[PDB]
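Novice: Dumping the structure here so I can ask a few things about it.
Chains as they are written, first to last, in the UniProt record's numbering: chain C, 305 to 355; chain Z, 741 to 766, 788 to 817, 855 to 883; chain H, 2 to 34, 45 to 135, 187 to 297; chain L, 252 to 302.
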């Protein structure tokens with residue numbers, strides 16, 4: 305999808321899949337992970353969700 | 741084997757008079794190959810028309863392609879529209 | 002040498018009369034170590060059906076027909092025994108028990124979890191046991207990597223959308239995303255381990271400047287004070 | 252990517268940890284002069300924590 309999802313800390317399966325795609329892509333560079341999730345999530349929350 | 745070929749083309753003449761039914765850019790898009798028509802997306806994986814069991855020259859004119867496509871029955875759809883409101 | 006897979010290979014290669022496994026003592030008995048009483052529901056039984064139905068033409072070159080027919084007799088006898096026992100079992104039922112609901116719940120959930128190999132809660187170092195964990199993850203990876211890529215759902219909520227001959231419903235991929243979140247989360251394990259090491263070895267590596275009840279003790283403050291003593295200047 | 256398989260032998264995650272509750276603290280240093288030196292200053296406490 306392309307639409308803005310619901311209120312944060314829901315983490316639909318699309319966002320989990322794109323996060324894991326980003327981690328397989330870049331191996332670092334959490335700005336380039338957080339935009340690939342969709343850019344409506346911060347670095348400091350993508351790291352708090354991958355841990 | 742490349743990936744980044746263009747594979748779509750546009751002619752310069754604006755022929756946009758009788759073309760509201762095709763796929764427009766927003788001109789007319791002209792691809793490098795044809796389309797692909799797919800009858801039904803979901804395969805019906807059992808159904809001994811397709812599964813071919815090993816037990817027991856015959857023809858059968860089945861009604862439509864809709865046998866092979868998992869359609870729901872209408873009583874459930876009426877039940878769900880009753881559950882709508 | 003898997004004769005119950007050799008029959009399947011001869012069936013799926015569509016040439017079973019041309020070889021017929023060379024039924025003598027040297028070949029048909031070397032793979033058997045009678046026939047070993049097939050295990051499946053019908054996947055190893057329809058093969059025996061077709062094998063007897065193909066071996067009705069030679070009828071004397073294959074001496075192993077008799078043991079297969081003895082196992083057919085065994086299957087028919089066991090089936091008749093089970094039908095008599097099911098006739099008696101439906102007559103041996105008490106007229107009133109009133110089976111409890113909230114234990115039927117637990118038996119259904121417990122059976123369902125014990126079918127598909129997951130851990131059931133009760134409610135009724188050491189690299190020996192490190193490999194026994196790292197050999198269950200390779201199980202799940204080489205079980206998820208044999209799913210077909212053209213996997214798709216059909217929920218009971220597509221009836222409210224009226225999908226035509228070609229309409230592309232919007233809940234078709236609620237299982238293939240879930241079957242990749244697991245398969246890629248079980249490959250990014252030794253990346254989150256390396257991030258957790260860099261987290262813990264930089265939070266616990268201070269441990270006496272952030273935690274308040276440790277940097278206020280006598281001995282920690284005395285040690286941090288005593289490491290900072292500048293050496294004495296002679297004259 | 253360049254990640255490894257999770258069936259590789261480093262799966263330890265705690266090998267050389269050494270929390271600073273487990274550090275060695277500086278304490279007194281008892282000295283030995285000789286066999287017949289019983290009036291000398293016997294030990295040494297420059298920067299010790301305890302007595």
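Where a beta carbon is used, it is the ideal one built from N, C-alpha and C, also for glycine.
I want to see whether chain H comes within less than 7 Å of residue 258 of chain L, judged by CB atoms only; does it?
Specialist: With 7 Å as the cut-off, residue 258 of chain L counts as an interface residue toward chain H.
Novice: Nearest CA to the CA of residue 268 of chain H: which residue from L/279, L/273, L/297?
Specialist: Checked all of L/279, L/273, L/297; the closest Cα to residue 268 of chain H is L/273.
Novice: Taking 7 Å as the cut-off, decide whether the C-beta atoms of residue 45 of chain H and residue 78 of chain H are in contact.
Specialist: The answer is yes: Cβ separation under 7 Å.
Novice: Kindly say whether residue 335 of chain C, judged by its beta-carbon, lies nearer than 7 Å to any beta-carbon of chain L.
Specialist: Not closer than 7 Å to any Cβ of chain L, the Cβ of residue 335 of chain C fails to qualify, so no.
Novice: Compute the beta-carbon to beta-carbon distance between residue 355 of chain C and residue 337 of chain C, rounded to the nearest angstrom, for a pair I have assumed lies under 8 Å.
Specialist: So it is not a contact: roughly 13 Å between Cβ atoms.
Novice: For residue 816 of chain Z, go through chain H and note every residue whose CB falls closer than 9 Å to its CB, in chain order.
Specialist: Near residue 816 of chain Z (Cβ distances below 9 Å), the residues of chain H are 57, 60, 61.
Novice: When Cβ atoms are compared, which residues of the stretch 754-765 of chain Z fall closer than 9 Å to chain H?
Specialist: The stretch 754-765 of chain Z vs chain H, Cβ under 9 Å: nothing.
Novice: State buried or exposed for residue 53 of chain H, treating a residue as buried only when at least 16 other CB atoms are found within 10 Å of its CB.
Specialist: Exposed, because fewer than 16 other Cβ atoms sit within 10 Å of the Cβ of residue 53 of chain H.
Novice: Out of H/197, H/200, H/114, state which residue places its alpha-carbon closest to the alpha-carbon of residue 134 of chain H.
Specialist: Minimum Cα distance to residue 134 of chain H is reached at H/114.
Novice: Pick from H/224, H/106, H/278, H/187: whose alpha carbon is nearest that of residue 871 of chain Z?
Specialist: Nearest of H/224, H/106, H/278, H/187 to residue 871 of chain Z, Cα basis: H/224.
Novice: Between residue 282 of chain L and chain H, is any beta-carbon pair separated by less than 7 Å?
Specialist: Not one chain H Cβ lies under 7 Å of residue 282 of chain L.
Novice: What span of residues does the alpha helix (DSSP H) with residue 123 of chain H cover, start to end?
Specialist: Its alpha helix (DSSP H) spans residues 112-126.
Novice: Let's see if you can read the secondary structure: which residues bound the alpha helix (DSSP H) around residue 334 of chain C?
Specialist: That run of the alpha helix (DSSP H) goes 334-341.
Novice: Could you tell me if residue 25 of chain H is buried or exposed, where buried requires 16 or more neighbouring beta carbons within 10 angstroms of its beta carbon?
Specialist: Answer is exposed; the Cβ neighbour count stays below 16.
Novice: Check each candidate in C/331, C/311, C/316 and name the one with the smallest Cα separation from residue 254 of chain L.
Specialist: Ranking C/331, C/311, C/316 by Cα distance to residue 254 of chain L puts C/331 first.
Novice: Nearest by alpha-carbon distance to residue 65 of chain H: which of H/231, H/116, H/8, H/227 is it?
Specialist: Residue 65 of chain H has its Cα closest to that of H/8, out of H/231, H/116, H/8, H/227.
Novice: Here's the rule I'm using: 16 or more other beta-carbon atoms within 10 Å means buried, otherwise exposed. How should residue 341 of chain C be labelled?
Specialist: The residue in question, residue 341 of chain C, is buried, as its Cβ has 16 or more Cβ neighbours within 10 Å.
Novice: What are the boundary residues of the alpha helix (DSSP H) that includes residue 350 of chain C?
Specialist: Segment 347-354, the alpha helix (DSSP H) holding residue 350 of chain C.
Novice: Can you pull out the residues from the stretch 342-355 of chain C whose beta carbon lies closer than 9 Å to at least one beta carbon of chain L?
Specialist: Of all residues in the stretch 342-355 of chain C, none has a Cβ within less than 9 Å of some Cβ in chain L.
Novice: With DSSP collapsed to three states, give me the class of residue 243 of chain H.
Specialist: Here residue 243 of chain H sits in helix by DSSP.
Novice: With 16 as the cutoff for other CB atoms within 10 Å, does residue 226 of chain H come out buried or exposed?
Specialist: Answer is exposed; the Cβ neighbour count stays below 16.
Novice: Could you check the C-alpha separation between residue 89 of chain H and residue 868 of chain Z for me, to the nearest Å?
Specialist: If you take the alpha carbons of residue 89 of chain H and residue 868 of chain Z, they lie about 38 Å apart.
Novice: Could you pull out every residue in the same chain whose Cβ sits closer than 8 Å to the Cβ of residue 806 of chain Z, ignoring the five residues on either side in sequence?
Specialist: Excluding sequence neighbours, residue 806 of chain Z sits near 812.
Novice: Residue 33 of chain H by DSSP, collapsed to three states: which one?
Specialist: DSSP places residue 33 of chain H in coil when its eight states are reduced to three.
Novice: Around the C-beta of residue 282 of chain H, are 16 or more other C-beta atoms found within 10 angstroms, so that it is buried, or is it exposed?
Specialist: Counting Cβ neighbours within 10 Å, residue 282 of chain H comes out buried, since at least 16 surround it.
Novice: Based on Cα-Cα distance, which residue from Z/759, Z/808, Z/882 lies nearest to residue 860 of chain Z?
Specialist: Looking at the Cα atoms, Z/808 is the closest of the given residues.
Novice: From the DSSP output, in three-state form, read off residue 764 of chain Z for me.
Specialist: Of the three classes helix, strand and coil, the one that applies to residue 764 of chain Z here is strand, per DSSP.
Novice: Using only CA atoms, which one of H/229, H/197, H/237 lies nearest to residue 214 of chain H?
Specialist: Residue H/237 is the option with its Cα nearest to residue 214 of chain H.
Novice: Run the CB neighbour count on residue 62 of chain H, radius 10 Å, all protein chains shown included, and call it buried at 16 or more, exposed below.
Specialist: By the neighbour-count rule (16 or more Cβ atoms within 10 Å), residue 62 of chain H is buried.
Novice: According to DSSP, which residues form a beta bridge with residue 316 of chain C?
Specialist: None; residue 316 of chain C has no bridge partner.
Novice: In three-state terms, what does DSSP make of residue 280 of chain L?
Specialist: Residue state, collapsed to three classes: strand.
Novice: Under 8 Å between beta-carbons, which chain L residues line up against residue 328 of chain C? List them in chain order, please.
Specialist: Simply 252, 254.
Novice: Alpha carbon to alpha carbon, how far is residue 344 of chain C from residue 306 of chain C? Give it in angstroms, no decimals.
Specialist: Each residue's Cα considered, the two are about 12 Å apart.
Novice: Of all the options H/70, H/51, H/74, which has the alpha carbon lying nearest to the alpha carbon of residue 86 of chain H?
Specialist: Here the closest residue by C-alpha is H/51.
Novice: Can you confirm whether residue 241 of chain H, when its beta carbon is compared against all beta carbons of chain L, has any partner nearer than 7 Å?
Specialist: Residue 241 of chain H does not count as touching chain L.
Novice: Residues in the stretch 223-257 of chain H with C-beta within 7 Å of chain L's C-beta atoms, listed in sequence order?
Specialist: The stretch 223-257 of chain H vs chain L, Cβ under 7 Å: 248, 249, 250, 251, 252, 253, 255.
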